[PDB]
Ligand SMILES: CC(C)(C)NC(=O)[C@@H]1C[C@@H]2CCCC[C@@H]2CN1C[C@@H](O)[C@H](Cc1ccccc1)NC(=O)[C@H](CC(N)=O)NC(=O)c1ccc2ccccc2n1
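A lone chain, given as C-alpha cells: the form solved without this ligand.
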C-alpha cells in the first residue's frame, strides 16, 4: 500500500512560546482561525501568512526534482496547493529551512505564472513550476507546485515544516494549480480515488496518510459514510454536540470541516467559552488554555452526532498532555455572520476516528481507531 509516514512534532505555537515570541504577537494581532475558511474573515493585518498553522502537529516528507530534494510538509485537508520555499527566498525566516534549487533538478520546468498563496492572514508570492514529486514511494510526474519567494512572516523561522501539501478539492486551489492527489489520480498512480488518515496515539510513530487505500487494520467496527455537504473543504453535516446528556452546541444541526492542518476542535467563541469554563481551562500569560492534568478523570465526554451515529471524545482525547503540562484541545473562532454554525474537527477528533476521504463518491468515512 502507498503509505506516507507522519511524525508528531512540537507545534509552531510551542516554538514561539519557547522563544518568548508569542505574547507580543497576540498583543498586536487578533487570531481568528475562521480566516482559513472564509474570505470574509481574512485578517486585518496580514503580516504572518502562516498564522493559521500555529497548532499543526503532524508532518510528513516529500522529495521534489531529479535527484530529489527533501522537504518536510504539512499534509493539509484544509487547503489544496503544494508550495515549498525557493532557494531565492532571501528572508531571514527562510534560513534553516530546506529550499528548492531549480538548477539542481534536471526535470524542473519553469513557468512565468505567479503564485499568490493566502490562508486568510496575508499573502506569499512566488512562481509556479513543474517537477516530479516523490510521495510515499510514488513518482508524481509533471506536478505543478509553487516556489515561495517573498517574506513568509517570522513564524516560518520557528515552524517545524518547510511547506504545505493540500488535500482539499481543486475548487479552493490558488491560481487553479492542480492539487497533488488530483494529479496522482489523473495519472493512474493510485489504486482508487480516495485516501485515509490514521493518527497513532500518544505522539506515537505509526501515523500515516494512506494514498489510494483503506486498511481495516486501523479501525474497529464498520465504517459510517457521510456525504460531503459542500465540495471545497471536506465539509459534512453535524447533527448535534452534547456534554453530559445536554445539548451544548449545534442545536438543530450545523456544518463541520475535517482539517488535518490543525490539532484542535474549533468552534464558535461563545460555545467554546462555555466548554472551557466547564472543564476548568484557564488562559495563561502565553495564549494557552491550561488544565490540571490531575483533573482529567473527573471530566465528562463531549459527543458529536454525525449522520445519527455517536462519536464520543473522552477527556484523555480532548486534553493535550505535554509531560505534566496539559492544555485544552478546544479553540474559538468568529465566522462571518452570514455563515451558519461551523466546527473544525482537527487531530483531537481524527486521533480517535480513522478517517476516509472519498473523492470518487464525495463522502467521508469514519470508524473508531483500532
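Residue numbers count along the first chain shown, from 1.
One more form of this protein, deposited with this ligand bound, exists but is not displayed; see below.
- Placing this ligand onto this chain by superimposing the site C-alphas, using its pose in the bound PDB entry, gives at least 3 ligand atoms within 2.4 angstroms of backbone or C-beta atoms, which makes the site blocked.
- Here the chain stands alone, but in the bound PDB entry its contact with this ligand, taken as any heavy atom within 4.5 Å, falls in 117-125 among 209-217, 117-125, 193-201, 178-186.
- Contact annotation: residue 145 falls outside 4.5 Å of this ligand in the bound PDB entry, judged by heavy atom distances.
- Contact check for residue 341: no non-hydrogen atom falls within 4.5 Å of this ligand in the bound PDB entry.
- In the bound PDB entry, this ligand lies within 4.5 Å of some heavy atom of residue 76.
- In the bound PDB entry, residue 71 stays away from this ligand, with no heavy atom inside 4.5 Å.
- In summary, among the residues 250, 291, 156, 133, the only one with a non-hydrogen atom within 4.5 Å of this ligand in the bound PDB entry is 156.
- Taking 172, 230, 110, 87 one by one, only a single residue has any non-hydrogen atom within 4.5 Å of this ligand in the bound PDB entry, and it is 172.
- Contact residues in stretch 157-187 (any heavy atom within 4.5 Å of this ligand, taken in the bound PDB entry) are 161, 164, 172.
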